[PDB]
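Right, one structure below, let's go through it.
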Amino acid sequence: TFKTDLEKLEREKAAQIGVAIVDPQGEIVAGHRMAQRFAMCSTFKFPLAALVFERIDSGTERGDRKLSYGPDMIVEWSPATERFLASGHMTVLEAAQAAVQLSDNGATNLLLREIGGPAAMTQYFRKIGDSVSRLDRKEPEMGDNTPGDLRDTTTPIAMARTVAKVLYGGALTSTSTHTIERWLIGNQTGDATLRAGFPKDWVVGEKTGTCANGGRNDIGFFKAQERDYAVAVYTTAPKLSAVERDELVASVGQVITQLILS
């Protein structure tokens with residue numbers, strides 16, 4: 001009924017829904033269109049932050065290092081970057097948290113400037129065993145989501161497994177892992193997407209994405225009692241409104257819940 005519930009949503013809302021749910025070791029729990037490529041949109045900002053924590057964990061980067069910038073770095077949806085503009089900088093950590101929890105595009109591009117751009121992001125994906133995810137552009141053009149373009153894409157299964165490697169498979173130190181987990185729980189942008197359709201006693205942390213051409217995504221983790229899962233949801237619904245798109249992802253949330261509770 002998991003498959004057929006998602007198929008009903010897909011049929012009724014003229015949408016495609018890609019889902020993957022994996023256990024802490026990346027073993028598959030459930031999936032739908034799980035190896036179809038979808039635009040990442042802002043979901044790559046979670047892996048970016050992980051890349052930054054790996055560098056902090058390694059010493060090649062320092063969390064409180066100040067990153068100076070000017071108005072040239074302000075792009076669409078840069079709420080923290082605009083607020084910190086007068087001060088002249090955000091630290092590596094401030095920028096990373098804003099990228100995750102506000103989806104701040106300027107903060108994201110500020111970090112890419114520092115780690116070596118899209119190519120460095122793709123190299124990190126490969127390092128942690130993800131041969132699929134690829135960042136090819138910075139924001140905002142990376143979310144162009146042109147039909148059929150494989151630039152800036154992932155698969156549900158690939159991203160879900162990267163989530164698990166980051167949160168459970170030892171990609172980061174215990175300390176950096178804990179920090180990035182809490183940032184996902186505290187995400188400010190996902191109240192109407194997956195976690196809306198999960199039970200309110202499940203610990204959920206996630207990162208949303210919105211792309212042009214009807215892309216709406218949410219990736220992260222959930223803890224249903226003593227059971228940890230990594231989850232990635234990418235959806236394409238060109239004809240839905242934005243609120244309908246939020247509510248589509250929430251519904252996927254519910255279908256996911258109906259399965260786990262079985």
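Just remember, in the structure tokens the first chain shown is A, the second B, etc., residues are 1-based per chain, and ligands are 1-based in the order shown.
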Problem set entry | Who sits within 6 Å of stretch 53-67 of chain A, only C-alpha atoms, same chain under 5 positions skipped, as number ranges by chain | A: 89-93, 172
Problem set entry | Contact residues around stretch 136-152 of chain A with only C-alpha atoms at 6 Å, ignoring same-chain residues under 6 positions, as a ChimeraX atom specification | /A:39,41,118,211-212
Problem set entry | Within 9 Å of residue A:17 using only C-alpha atoms, minus same-chain residues under 5 positions, as a ChimeraX atom specification | /A:6-7,9-10,32-34,233-237,249,252
Restrict the selected residues to C-alpha atoms and save them as an mmCIF file, in the first residue's frame.
data_model
loop_
_atom_site.group_PDB
_atom_site.id
_atom_site.type_symbol
_atom_site.label_atom_id
_atom_site.label_comp_id
_atom_site.auth_asym_id
_atom_site.auth_seq_id
_atom_site.Cartn_x
_atom_site.Cartn_y
_atom_site.Cartn_z
ATOM 1 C CA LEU A 6 2.310 7.231 -3.526
ATOM 2 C CA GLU A 7 1.040 6.262 -6.978
ATOM 3 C CA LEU A 9 -0.823 10.965 -5.029
ATOM 4 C CA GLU A 10 1.264 10.970 -8.188
ATOM 5 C CA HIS A 32 9.774 4.751 -4.832
ATOM 6 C CA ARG A 33 11.447 5.959 -8.026
ATOM 7 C CA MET A 34 14.451 5.800 -5.691
ATOM 8 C CA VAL A 233 12.048 12.878 -0.765
ATOM 9 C CA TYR A 234 12.246 14.663 -4.130
ATOM 10 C CA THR A 235 9.089 15.636 -5.956
ATOM 11 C CA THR A 236 8.182 17.270 -9.214
ATOM 12 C CA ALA A 237 4.713 18.788 -9.537
ATOM 13 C CA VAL A 249 5.445 16.404 0.765
ATOM 14 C CA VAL A 252 4.426 11.606 1.610
#
Problem set entry | Nearest-residue call for residue A:169, choices A:253, A:102, A:129, A:82, using only C-alpha atoms |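 Looking at the shortest contact to residue A:169, the residue is A:129.
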Problem set entry | residue A:95 environment, 8 Å, only C-alpha atoms, sequence neighbours closer than 3 positions dropped, as a list in words | residues 81, 90, 91, 92, 98, 99, 107, 108, 110 and 111 of chain A
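The alpha helix (DSSP H) portion of stretch 4-72 of chain A consists of residues 4, 5, 6, 7, 8, 9, 10, 11, 12, 13, 45, 46, 47, 48, 49, 50, 51, 52, 53, 54, 55, 56, 57 and 58 of chain A, with states taken from DSSP on the backbone.
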Exercise. For residue A:46, which residue among A:31, A:18, A:220, A:199 is the nearest when counting only C-alpha atoms?
Worked result: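 Selected residue with least distance to residue A:46: A:220.
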Problem set entry | Proximity to residue A:198 - best of A:45, A:182, A:258, A:116, only C-alpha atoms |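 Using only C-alpha atoms, residue A:198 sits closest to A:258.
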Exercise. Between A:1, A:157, A:221, A:188, which is the closest to residue A:203 once you count only C-alpha atoms?
Worked result: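 The closest residue to residue A:203 is A:221.
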For this session: Among the residues of stretch 119-204 of chain A, find those DSSP assigns to strand (DSSP E or B) from the backbone and print them as a list in words.
Result: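 In stretch 119-204 of chain A, DSSP puts these residues in strand (DSSP E or B): residues 153, 154, 203 and 204 of chain A.
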Please save C-alpha atoms of the selected residues as a PDB file, in the first residue's frame.
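The file below, part-v5.pdb, is the result:
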ATOM      1  CA  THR A 153      20.982  16.351  -9.348  1.00  0.00           C
ATOM      2  CA  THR A 154      20.919  13.416  -6.928  1.00  0.00           C
ATOM      3  CA  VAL A 203      12.492  13.260  16.431  1.00  0.00           C
ATOM      4  CA  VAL A 204      12.760  14.709  12.902  1.00  0.00           C
TER       5      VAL A 204
END
Exercise. Quick one: residues within 9 Å of residue A:227, only C-alpha atoms counted, chain neighbours fewer than 4 positions away excluded, as a list in words?
Worked result: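 Once the nearby chain positions are removed, what remains is residues 23, 222 and 223 of chain A.
Proximity to residue A:47 at 8 Å, evaluated using only C-alpha atoms and with sequence-adjacent residues fewer than 4 positions away removed, yields residues 43, 51, 125, 162 and 163 of chain A.
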Problem set entry | Shortest interatomic distance to residue A:205 - which of A:175, A:101, A:254, A:241, counting only C-alpha atoms |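 Once distances to residue A:205 are computed over only C-alpha atoms, the minimum belongs to A:101.
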Exercise. From the list A:50, A:87, A:225, A:159, which residue is nearest residue A:178 when using only C-alpha atoms?
Worked result: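 For residue A:178, the nearest of the candidates is A:50.
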